[PDB]
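Chains as they are written, first to last, in this note's numbering: chain A, 827 to 1052; chain B, 827 to 1052; chain C, 827 to 1052; chain D, 827 to 1052; chain E, 827 to 1052; chain F, 827 to 1052; chain G, 827 to 1052; chain H, 827 to 1052.
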């Protein structure tokens, strides 16, 4: 694309990041309210808020994939870039599918809520997040390839990539930890467990938001360096 | 006011009536869903929807009171009209107060829901409706006085006032019946009772919407007859 | 206004006239179908179609009144013109009011139809049409005044005004005849009468459409003559 | 098809489900309105609304058959899959035929309504629904075959298939019950019966909508598992 | 005042309550952010946010005192009411003074921040809150007197006063607890203590906001009962 | 005075302090601009800005003296307080006189500027400031007496008085230093000296503003302690 | 554009210049306050103020680019003008990108401040300013081309271009000097260095504001000469 | 516009004329004071006062152009009127531009005054005045056309036009004379010359104010004659 398109899309990206931050703060609020005064309708409303937060994350990842497609068409594809973009487009479609899945089981829970339904819903949130994680790893791999293909020497870019790789390994560890406590919850579901679990979900989402911030810094540095 | 103001406000009134009808249909839907699949979060969301329906009714009554003030300033006040308009302005303010009261106990229920809280909330809904009813009785008395002051001979107007008086007596009977079952619920609260009670509330609200339809026919006939 | 505004608004007027003609043809179709195979649901659907046809007429008269306001601001007001435009603006508001009245009793008939409701609805249609007629008489008087104020000597204009005065007297006669058979129906209501009456209504609407055609010829001739 | 096509079509599917839910809520509303104030024109309009709801269901089933064809072309046909898809394509054509039949007898009823015509129309609605049921049984058999062919071990998928088989047996029972009361109505047609019958139709349609929701959950789980 | 003034002022009160709730949620957010990533500039900005939250509480108490003066002029003063209103007006002025004091030492901290300055600022926040508490105790005493003076028998009012007396004793206990940990901090100041202390402050402010909610329920119930 | 008067006057005091701070910032700006690009019209305009800043300080000191008179009438006079208030009233009048003197020689400088006139004007600013200093010493002595007369044990008050005594000794030293460089300028006047001198003046005014801040903290602590 | 558009946009430009001047004065104030009383939260707030000042400069440059596009469309493009406007639009987009980059690392610093973060932030401010400088060089080249293309003989214009070229060479030298002290700071970061560095930044920003003033004089002279 | 708008705008015009007269008297005062006691800061302040006087003249000319647009829309445009109004709107925009130019070089002079800067500023005042003169010639041409288009026979109007044409030729001669002495000053700049020149400027501004008075008499006579 043209420099106007890239710049406009980065304005949309930074707008989406501000919106994502605002939503994360709100979600932390309602997480605290649920912790202090836990109840079944509080659990249902908290889960629905997590679904709307995840939908915002998915739109953020869509905008990032769009920007990357415009950037790569600017610089030119390469074998490893093209293979990573085909992996990215596949993961994007898989995410739209899991997003619809989550929204539909959310509506089932809202209509017919129960503790078993909350457990099933939390497990589906954890799977949705694991798909977001894989989306972020592929986007990070794309940015790694774009920088190595340019041979870009900016120390600010190298520093931001060291941050992005650290955040990625941290995100793998946090994902594994969340799947572990999810397998505990599935074994021993209880309201106290549902609360502790939703807390761990919100921590995982916060780490994903930090990952998306670092990703956006890498995109901004690349678009300035070309 | 001028014919443009009166006509514009009656366009706003008919718009508010269409919105009120739509909301009544929606409330009947969620009432059926609650009857078929009753649950605590369903009860909370149903009650909040009832609160938003009542807020639409209150805005309808505000627009009606505005139109009547423009109509009376068109024709001229009279002793009994002026005393009824002072009663109307008082009842309008009392309704704004009870509206805030209801919204605030609604937020308390949403935050900390329980069966006792549902009983208290249903009793407060029944008191809010009883205030709406008194607002409608005063508005009907105003229209009765306006027609008698004009000495209007239109058989369409006389017919519409016979409908309005029948609707008013019907609304008194329905209000008394709803207060009776509310006193039953307060004695013997149970989920099955909460469901039967919310059903009777929705029937009462439907009767109030019929009252507002008849009131709007009287206003339209008067504005044509002047 | 400017020549572009007047011309655009006359394009909207001729579009509304084509739509009005099309609606009149459709209404004649369903009138014939009702005559051949009369039934209660056919009566209800025919009446609702008459209400939508009347709504098209009302929009036509609104556009005509708009054009006249732009034309008079083009030429300049005069005492008799200003008094006729104040009469026109009043009649426009009265028509919007009666239009809402008709639509609301239409919804009452559709929801709770019966023969008595059909009689009352037909009488209200006849009153709505009588208000359309008064709107057209005032619009014709305005055009008569605009032409006399210009002192316009065009024989095409004089001919079109002789047509407009003949159409106006014809419309008065047809309105009186329709009120007469309406008083018959109200005295002796029957399905066969309801059918014959709806036929006479459709003839009256056809005469109103001829009136609107002549009015549009006068506006076009005036806008060319200025 | 490609992952983009499948994902797009599932977005269209979830859109169709939202539209179907909205239509089901509306249909329940008008069913209540008919129950409270039953009348011949109410019966005709209710039946026409049922026809538009069924047309939405048919479009839903078309989109499901399209998605399944793209999924099977993704995985590859097998003997039992190909035979079930030929059965599905036959049932799809049979449904388009019965849909046109229903729409045409609907137009006959609307044009020439009578109690006998209402009975005949309700019986044709019950036959149309029975064809929808057979379409759903074939779609469920196809999904059962697709999952068994993949050898998919996901416990979420097994649970969703246990839900789909339970919904299918429930839908068989409900279909039999509706044909039984239809044979009663045909024996003893009356307005009170026509109302009770239309109510049972709307309950049957609600069960079909639950079946389509579960079917969509199975498709989403399959598309994620491949 | 008049019913219009009272109703308007209660609309302003409920608006102030919504604003206060929103500010409390925001303050909980930044409290969590400070807990996770504590730092000197984070401490300064958190304290400034607490100062703006307290200023919102003070405006809430001003509006409550205004409403109470209009309510008492509606009912009439009495010896104990007049003495409590003079005590209320004194406490209102003392609060405006302490508000200015707090804002000025806040500006000193912002300009020349250090750990000692944070300790002094936290102690001054705790004194400001203790003054808010005394203002709320006097407002509760006024409402207790107004209800006893009316001799109001409404069980809803008695229930709300049992809530208000419980909230008042709870607020005394929380105030004492906060002064105790404040005396600890002054004895043993450390960044870990500053964080734990600011947490306890935010809990105390949350209890004050609950007190203001109960106070508003009492005012609304009284204004409906007169 | 009453608590309302004292509180209002302290709101006026804090407003005057905010205005004084803003003016001090502006004066530092124009001091930098004069330092960078010194010129005769810049010198004249800088001096006039210093005169308006001093007028703001004088209004601040008038408001402080008013507040102190209301506070002392609240607590009661004493021998040493009454003698200090007579000293304060004398210094207040002497300041109003020197303020008029300064404004008049300011107008002489503006009208007939020259280097000699700038020297004389700067020396008159330094004398005006020395009178402000004496006003502040008397105000501090009054507050010292009021606190000792109450026998007030608040450690916050003792701390603020240790700040006020340190600020007072600092202000004596700074005043002496400014008179010293003023005697240098008078001996060896030059534009470079005029600039360095105006810089030292602005530092002196900043120290006076710090003194007025501490004085206001003492007044606020006293008014809370009574 | 039309002369009305150009004149309006120059009113917007002069408004932006007044706002920029006011912001520059404010920034000099806080630079002095930081110099006198340096602290970590003071450093963070100073940097944030520099970011808001830079955002105002960027909006100024956007308005200048808009005006130039309207001016060139007024006079007509030429080969070198069109190539310079494409260079200008590229630099404009690059500036919007770097502006978002700076704002985001600003939020990182505000959230997680440390001395290393202040150094990194100062280096990013210096890069943002270097991009502003390149934007100004391209805008000056555009104005040089527009004047040479017009062949404008006004000695006032030639004088203003001699000022603009001198300011441009001065701005190159100042940019190089600031990058030099930035490389010193990066080698030997310390709070005393951070203060001296932020001072040099504020001097650089002041020189950019002088450049924007001269640029605006050239635009005004050109728009008068055409 | 309506007669109320025209009358209101003529009240605004006469208010602007009174303000302009008052400002002219003040400017003559400061011209005398500068003549008696000339000095650099006196020169700078005199020039700034001339800039504020010119801004008042520009607002006067804006109001005159507004009134003329309402008057011409009252009478109707004509070919020569429309071409003169397009010339007027162009000259109005050019004047807003030169007004901003003058204010900005005024701020440059105030900030960095010197004899060369005073010469350049006086020459820019003389160019600004020459643009005011062209604005007045176009306004006079418009009024000449409006009167000739009406064919107005009032001898009071003819007399006022003989005054306006004499004033216009006088204003051309005075403008030329002022440009001549401006070219002298530019050749031989000295303080004695700057004083004599500013005197001639103030005489020129007085002649422009006489022109604006005559213009206002023509507008008043026209508005009475229509």
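All C-beta atoms in this analysis are idealised placements derived from N, C-alpha and C, irrespective of residue type, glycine included.
task: Mind listing the chain B neighbours of residue 866 of chain A? Cutoff is C-beta to C-beta under 7 Å, in chain order.
output: 866, 867
query: Helix, strand or coil: how does DSSP classify residue 1008 of chain D here?
result: Looking at residue 1008 of chain D - three-state DSSP - the assignment turns out to be helix.
message: Spatial neighbours of residue 950 of chain D within its chain, please: C-beta separation below 8 Å, excluding the five flanking residues on both sides.
response: 927, 928, 931
field: chain A residues whose Cβ lies nearer than 7 Å to that of residue 1015 of chain B
entry: What residue 1015 of chain B touches in chain A: nothing, since even the nearest Cβ is about 18 Å away.
query: How about residue 919 of chain E and residue 1050 of chain F: do their beta carbons lie closer than 8 Å?
result: For residue 919 of chain E and residue 1050 of chain F, no; Cβs fall outside 8 Å.
message: At the 8 Å Cβ level, is residue 938 of chain H part of the contact set with chain F, yes or no?
response: yes
message: I want to verify the contact list: residues of chain H whose CB lies under 8 Å from the CB of residue 1049 of chain G, in sequence order.
response: 923
query: What span of residues does the alpha helix (DSSP H) with residue 876 of chain E cover, start to end?
result: 866-901
query: Could you give the distance in angstroms between the alpha-carbon of residue 966 of chain C and the alpha-carbon of residue 849 of chain B?
result: 44 Å
- prompt: Rounded to the nearest angstrom, how far is the Cβ of residue 945 of chain A from that of residue 1012 of chain A, given a contact under 8 Å?
  reply: 6 Å
query: Can you list, in chain order, the residues of its chain whose CB lies under 8 Å from that of residue 942 of chain H, leaving out five sequence neighbours each side?
result: 1015
field: Same chain, Cβ closer than 8 Å to residue 1005 of chain C, five either side skipped, listed in chain order
entry: 952, 956
Whole-angstrom C-beta distance between residue 879 of chain C and residue 909 of chain C, which should lie under 8 Å: Between residue 879 of chain C and residue 909 of chain C the Cβ distance is about 31 Å, and since that is not below 8 Å, they are no contact.
message: I'd like to know if residue 881 of chain C contacts chain B, where contact means its C-beta is closer than 8 Å to some C-beta of that chain.
response: no
task: Give a yes or no on whether the C-beta atoms belonging to residue 983 of chain H and residue 1047 of chain H are separated by under 8 Å.
output: yes
task: Return the residues of the segment 840-874 of chain A that lie within a Cβ-Cβ distance of less than 7 Å from chain E, sorted by chain order.
output: 851, 854, 855, 858
- prompt: Can you list, in chain order, the residues of its chain whose CB lies under 8 Å from that of residue 882 of chain A, leaving out five sequence neighbours each side?
  reply: 842, 845, 846, 849
message: Three Cβ pairs or more, each shorter than 8 Å: is that satisfied between the segment 1016-1029 of chain E and the segment 887-907 of chain E?
response: no
- prompt: Is there at least one Cβ from chain B nearer than 8 Å to residue 966 of chain E's Cβ?
  reply: no
message: Looking only at its chain, what residues have a beta carbon closer than 8 Å to the beta carbon of residue 1028 of chain F, apart from the 5 residues adjacent to it on each side?
response: 853, 854, 857, 876
query: Checking contacts by CB at 8 Å: is residue 920 of chain B closer than that to chain E?
result: yes
message: Taking CB distances under 8 Å as the criterion, tell me whether residue 935 of chain G reaches chain A.
response: no
field: Boundaries (first-last residue) of the alpha helix (DSSP H) holding residue 917 of chain B
entry: 905-937
task: Quick one: residues in its chain with C-beta nearer than 8 Å to the C-beta of residue 831 of chain F, no 5 flanking neighbours on either side, listed in chain order?
output: Only 896 meet the Cβ criterion.
query: the segment 888-915 of chain A: which residues have C-beta closer than 8 Å to a C-beta of chain D, in chain order?
result: Hits within the stretch, in order: 915.
- request: With DSSP collapsed to three states, give me the class of residue 863 of chain D.
  value: coil
query: Ends of the alpha helix (DSSP H) at residue 978 of chain H?
result: Where residue 978 of chain H is concerned, there is no enclosing alpha helix (DSSP H), given that its DSSP letter is neither H nor E.
query: Can you round the beta-carbon distance between residue 1041 of chain H and residue 990 of chain H to whole angstroms, since I take them to be within the 8 Å contact cut?
result: Indeed they touch by this definition, with Cβ atoms about 7 Å apart.
- request: Return yes when the Cβ of residue 835 of chain G is within less than 8 Å of the Cβ of residue 898 of chain G, no when it is not.
  value: no
- request: Give the secondary structure of residue 1040 of chain H by DSSP, where H, G and I count as helix, E and B as strand, and everything else as coil.
  value: Three-state result, residue 1040 of chain H: helix.
task: Confirm, please, whether the CB-CB distance from residue 900 of chain G to residue 1052 of chain G is below 8 Å.
output: yes
task: Would you kindly check if the distance between the Cβ of residue 1035 of chain A and the Cβ of residue 935 of chain A is under 8 Å?
output: no
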